[PDB]
């Protein structure tokens, strides 16, 4: 809807993503953002992190039979944003009540005992700012933790504490 093409996202073709088979859309503008962690291995290079975003799309498509990597976006400790289902497609990351009404972004790693570095954190916020800018998210969007909407450890205590300090965070 709006002119400013936004942030910096590693496109699907760049991290070598299997093609999506997903077709259902979200109604723009979206009101909620659920933050999670892959609880998998972390990476801190554009190289390892492309691999990673690939291993995760993989486990989701090849092992759980999803139409594509479950999150709308992933975040690398290389401080880069990875492209998933994107802004317009419904994701599979927070159960049936929430998947139809939110954008799910997952930090690649397990933040039970680690805080993601500032660049990781920075990517995520810009991403959200971009979402608003784009008209994808409501200007007064709300950020929820995974655990606030499903029973789980995600996004990890550390990262959990951190997103609780964010201006759009509503528990």
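Here, rigid core means the biggest group of C-alpha atoms that superpose within 1.5 Å across both forms. Residue numbers count along the first chain shown, from 1.
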Please tell me which region, 160 to 168 or 3 to 11, has C-alphas lying farther from the displayed form on average in 8 other deposited structures of this protein, with superposition done on the core.
3 to 11
Quick note on 27 to 35 and 49 to 57: per-entry mean CA temperature factor is higher in 49 to 57
Which is higher in the entry, the mean Cα B factor of 5 to 13 or that of 18 to 26?
5 to 13
Most elevated Cα B-factor in the entry, residues 138, 42, 119, 146:
42
CA B-factor placement of residue 96, once the chain's modelled residues are sorted into thirds:
highest
Would the CA B-factor of residue 112 place it in the lowest, middle or highest third of its chain?
highest
Residue 126's Cα B-factor: lowest, middle or highest third of the chain?
middle
Of the three thirds of Cα B-factor ranks in this chain, residue 67 occupies the highest
